[PDB]
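Undergrad: Could you have a look at this structure, given as structure tokens, before my questions?
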Amino acid sequence: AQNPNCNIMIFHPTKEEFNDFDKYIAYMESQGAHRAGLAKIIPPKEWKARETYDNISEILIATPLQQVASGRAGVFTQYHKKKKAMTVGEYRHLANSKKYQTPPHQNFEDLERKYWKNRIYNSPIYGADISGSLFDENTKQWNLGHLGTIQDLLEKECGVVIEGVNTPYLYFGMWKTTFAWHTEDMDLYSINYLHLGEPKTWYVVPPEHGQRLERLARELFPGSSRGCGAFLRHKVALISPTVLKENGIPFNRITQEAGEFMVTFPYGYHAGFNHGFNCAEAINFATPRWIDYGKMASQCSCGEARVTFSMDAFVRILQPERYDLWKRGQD
Ligand SMILES: O=C(O)CNC(=O)C(=O)O
Ligand SMILES: [Mg+2]
Ligand code: NI
Ligand SMILES: [Zn+2]
């Protein structure tokens, strides 16, 4: 068995290897990358996502989200308070203000210590989930707006044509902006490209050990667990590395820098935080190996998780027993 310790693997494809996305995902899996739940892909030196980032300031963040925490420093939830619209240029200036900027630090490890110590005492503002792309249309390799769609994959694997579309999303971050512990919708893959700015630190639990994280989460968030049988679908709970280590939960960590891709694998729980002003782009995708994970994915039916239009068909076809109750949650 390749990568039996479930370490995060880092890949350096050549420009030739960067041509065929599906093939390269399958290669990484042949080497055991999926066992970690997360992999890093450093693009060939010849590749670029676009020529420059000099003209992005007029992108609108229609609903910036202030991420307000409740709890203790290593075990907290966050809720999102909607703020007034602002441009990327306005948001960048806000991120660099004295109130929100990254503090002085020695190295990524020191910054990580400061994040876990101090996150809860601040409410950073995240520009998340903005439909769009920063890849140039002429970028032919690993262009996250030109991937094969999940609907086409389901149709190729299973023979059933379904409605829905699959487009990318932009994320504009600042110091302390936080992504809570989650797997993807329908336990899909994700791919995330850090276009510019400061790093993003990731934490991940191997897919084979996901249920250990879920059990800890039920213990640590006992009211939320009674409210919903899949409350991590709400994407609000944070648990620190120290708390995970105290409770014996297997996990790994890695920092993504600008110009790097990260891939999350089916049922790989992940969480993390941004180091400072940055912009990332991410999208879900599927491969043949996903189908079995899609069929078994948990679902929120309490009504809180509320997701995209395209998830309907995935539930309806892969999880027909659950369909009824899940759709009651969505309506
Ligand atoms: O970058 C973020 O805020 C969160 N991204 C992801 O969870 C992802 O790419 O799957
Ligand atoms: Mg612009
Ligand atoms: Ni994710
Ligand atoms: Zn729920």
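Using the numbering of Swiss-Prot, the residues shown for chain A are 11-341, in order.
Positions of Cβ are set from backbone N, Cα and C atoms, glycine also.
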Undergrad: Of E26, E147, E224, which does Swiss-Prot mark as polyADP-ribosyl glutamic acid?
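TA: Per Swiss-Prot, polyADP-ribosyl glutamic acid applies to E26.
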Undergrad: Of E27, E119, which does Swiss-Prot mark as polyADP-ribosyl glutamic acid?
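TA: In Swiss-Prot, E27 carries the polyADP-ribosyl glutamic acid label; others show none in the record.
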Undergrad: Among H90, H103, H280, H285, which is the one Swiss-Prot gives for the Fe cation site where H192, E194 also bind?
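TA: Of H90, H103, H280, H285, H280 joins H192, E194 in the Fe cation site that Swiss-Prot records.
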Undergrad: DSSP says what for the domain 'JmjN' (18-60): how many helix, strand, coil residues?
TA: 14 helix, 7 strand, 22 coil
Undergrad: Using only C-alpha positions, which one of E26, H192, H280 is spatially nearest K245 (2-oxoglutarate binding site)? These are the recorded positions in the record.
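TA: So, of the listed recorded positions, the one sitting closest to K245 (2-oxoglutarate binding site) is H192.
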Undergrad: Cα of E26 (polyADP-ribosyl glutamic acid) to Cα of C238 (Zn(2+) binding site): how many Å, rounded?
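TA: Between the Cα atoms of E26 (polyADP-ribosyl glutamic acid) and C238 (Zn(2+) binding site), the distance comes to 47 Å.
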Undergrad: Measure from the Cβ of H192 (Fe cation binding site) and count the other Cβ atoms within 10 Å, all protein chains considered.
TA: 18
Undergrad: Please check each of the recorded positions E26, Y136, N202, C312 and report the ones with a CB atom less than 6 Å from an atom of ligand 1, ordered along the sequence.
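TA: Passing the 6 Å Cβ check against ligand 1: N202.
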